[PDB]
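Chain by chain, the residues:
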Amino acid sequence: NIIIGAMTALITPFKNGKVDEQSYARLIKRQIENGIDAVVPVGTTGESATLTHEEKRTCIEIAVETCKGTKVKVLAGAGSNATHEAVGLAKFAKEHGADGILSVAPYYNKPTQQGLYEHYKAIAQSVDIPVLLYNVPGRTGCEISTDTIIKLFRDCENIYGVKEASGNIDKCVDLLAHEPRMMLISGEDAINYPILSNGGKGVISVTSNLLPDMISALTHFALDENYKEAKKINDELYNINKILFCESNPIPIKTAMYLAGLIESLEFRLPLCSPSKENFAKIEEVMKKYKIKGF
Amino acid sequence: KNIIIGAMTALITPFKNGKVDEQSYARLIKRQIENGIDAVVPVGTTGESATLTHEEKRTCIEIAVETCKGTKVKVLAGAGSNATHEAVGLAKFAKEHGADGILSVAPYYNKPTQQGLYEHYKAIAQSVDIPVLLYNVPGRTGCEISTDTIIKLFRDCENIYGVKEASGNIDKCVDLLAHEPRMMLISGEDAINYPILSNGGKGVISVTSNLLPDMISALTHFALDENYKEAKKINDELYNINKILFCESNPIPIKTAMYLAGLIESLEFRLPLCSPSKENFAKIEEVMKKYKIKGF
Ligand SMILES: [Mg+2]
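Reading the values: rules and limits
- Along each chain, numbering proceeds from 1 in written sequence order. Entry numbering may differ, and residues lacking coordinates are not shown.
- Starting at A for chains and at 1 for ligands, labels are handed out in the order in which the entities are written.
- Only heavy atoms go into the side-chain values, all of them from the structure, while hydrogens and water stay out.
- The classification of residues rests on relative accessible area computed with a 1.4 Å probe and restricted to protein chains. Under 20% of the type maximum is buried, over 50% is exposed, and intermediate values are partly exposed.
- Here a strand is any run of E in DSSP of at least two residues, a helix any run of H or I of at least four, and the numbering for each starts at the N terminus.
- At least two bridges found by DSSP between two strands is the condition for calling them paired.
- Handedness of a crossover: with both strands directed away from the viewer, a clockwise path from the first strand across the helix to the second marks it as right-handed.
- In this analysis, axes come from line fits to C-alpha atoms, helices being fitted only over the stretch in contact, and the angle between any two N-to-C directions falls in the range 0 to 180 degrees.
- In this description, contact between two residues means that some pair of their heavy atoms is separated by no more than 4.5 Å.
- UniProt positions are given in the numbering used here, feature names are shortened, and annotations may be inferred rather than shown by experiment.
- Here, nonpolar core refers to any group of buried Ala, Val, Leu, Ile, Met, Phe, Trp, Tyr and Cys residues whose side-chain atoms link them within 4.5 Å.

For this coordinate set, the PDB header names X-ray crystallography as the determination method and states a resolution of 2.1000 Å.

A. Fine view of the pairing of strand β10 (residues 203-206) of chain B. Residue and element names in this part refer to chain B. Alternating residues of β10 divide into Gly203 and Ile205 and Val204 and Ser206, and every residue in both groups is buried. Two strands pair when backbone bridges link them, and strand β1 (residues 6-10) and β10 are joined in this way by four bridges, in the parallel orientation. When the bridges of β10 are listed, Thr9 appears paired with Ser206. Bridge analysis of strand β9 (residues 184-187) against β10 gives two bridges, and the strand direction is parallel. Across the sheet, residue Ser187 finds its bridge partner in β10, namely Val204. As for the winding sense of the linkage, the β-α-β connection from β9 through helix α8 (residues 193-198) to β10 is right-handed.

B. Quick look at the sheet that holds strand β9 (residues 183-186) of chain A. All names here are of chain A. Read around the barrel, eight strands follow the order β1-β4-β5-β6-β7-β8-β9-β10 and close on themselves; strand pairing throughout is parallel. Across the sheet, the axes of successive neighbouring strands diverge by a mean angle of 25°, strand direction being ignored. Where strand β1 (residues 5-9) meets strand β4 (residues 38-40), three bridges bridge the pair, whose relative direction is parallel. Opposite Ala9, over in β4, you have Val40 as the bridge partner.

C. Quick peek at the environment of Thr45 of chain B. As for its position among the elements, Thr45 of chain B is in the loop between β4 (39-41) and α2 (54-68). For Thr45 of chain B, a relative accessible area of 15% gives the class buried. Among all residues touching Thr45 of chain B, those that are not within four sequence positions of it are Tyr108 of chain A together with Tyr135, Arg140 and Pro251 of chain B.

D. Structural detail: the UniProt feature "binding site: pyruvate" (unreviewed entry) in chain B. Residues and elements named next belong to chain B. Here the UniProt-annotated "binding site: pyruvate" (unreviewed entry) positions come out as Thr46 and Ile205. Spatial clustering of the annotated residues is evident: they stretch over 160 residues in sequence, but the largest pairwise C-alpha distance comes to 10.2 Å. Here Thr46 falls in the buried class, since its relative accessible area comes to 3%. Along the chain, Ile205 falls in strand β10. The residues contacting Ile205, other than those within four sequence positions of it, are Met8, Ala10, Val41, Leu76, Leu103, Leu133, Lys164, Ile186, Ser187 and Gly188.

E. Seen up close, the nonpolar core. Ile28, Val39, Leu210, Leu237 and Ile240 of chain A are the most contacted members of the largest nonpolar core, which totals 79 residues. Looking at this core, the element that brings in the most residues is helix α2 (residues 53-67) of chain A, giving six residues. Setting aside its immediate chain neighbours within four residues, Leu237 of chain A contacts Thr207, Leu211, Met214, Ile215, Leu218 and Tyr290 of chain A. By size, the runner-up hydrophobic cluster in this structure holds 53 residues, among which are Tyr25, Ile63, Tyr118 and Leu153 of chain B.

The structure is reproduced here in structure tokens:
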């Protein structure tokens, strides 16, 4: 079983230091109504590092409850740099109705390839729901090698692919050339189309928070092999895809959602904070050429 | 400022049947004290802080404080986090358990901006009254505390007295001490302990000192006494072991070396950390043959 297509790494809106549960639910329904195939609660874009275990439960339960009765899947973030914790978060995400888990590579402690294998093997054997690996070396300080990804894909039934955020289209070829049955997912919006055109089967997008219809159309154009139309949308989105990373994700996207009136307060949890006034103006200017769907 | 400097050891955390070997933990700390170490760093990066429970962090810090009582050895407890509310709690938690100061690593993974790093450490410094040492290791965190950010935190926050640098950037070490010579630059990379000390650094937080505490202590104290010839002499002799202790990610090689030297009973890690490859196991054993390793 797999979870693919156009997917959104959901932001986590805050109101006076607390999770805005009403805004969280209405933001997910806005994603559902704009053709998004799955939502990723408490991911990296959702500020998972600063959320309590209770708040992660609430965000996952809201996502599951909002997506019931639709095709939209819930791919909950449940990674950790401690394997015993990552196993607990995986079991915790399943108990709350998630269709699958996105489990980031252990950050900071830099496990070896052997350790990465044993880390994910313990996670996969703890649940019966699909597990999508998440490789983002710029954040974690380590890399899940192609061989390690392929071994985990072949040895673990529920591990069905990887979300790549590594700016390495060479590795994307390497992955799908040696194991074309895995689901390569783009975790980097600017290169959504090149990953999809090489056989990638979906994206986990940051831009889709603001422009879910455009990311969805891009993905489904690519899945129907209409690469001209898929590339066109990807080219159209390049400016917004880069300006959403002038500061660290999710600082720009939350700023954009606030500027569009899609979230009610521009609140982060430290060490995340508001962007500079120069980047605030940059985001506000680039957004003006994109039509932002309302509620 | 209240400072904690000198030769310091990032203590490994020995495991036995998946649990912290507390008796071994105390014995290893005593071995560090008896070999001239000026401070010990419990539940740091080398101590596998990522996989220790909150209670296990308490036990390790208290054991270090208890073992160091009656000596001049300070306890600089690791108490960092990528969530500011948690890092504040861990800083206060470290103070409650008798730590002399805290080593607070830059928030990992979520890559805060320099403005966010400033507010992150400012909240930590205003939560306790013990010294706070910054820890910049961009290869692990994915972010860098800029020289300007470190200097602002040093000047604006009373308890922040310096930074443990593990960035392979001797240029930044010059940049730091040239613009703020009052701060305590601490070497977080054993191979370049002497270059950092010779530029005005006032201590090291060492991985090699777990295995060779007498050599790291003599190196550091030679440099602090401005005997740079003897300090460099030790640094050059230590280069081979300093590099092989990172043939795999810290603390995989150092724990392997401690096991090979008979200093710990079992070569146990907590996943996602694991034993090294058998080739690197032999390479570490090969390099150790050059060095005299103190017992207990
Ligand atoms: Mg069709």
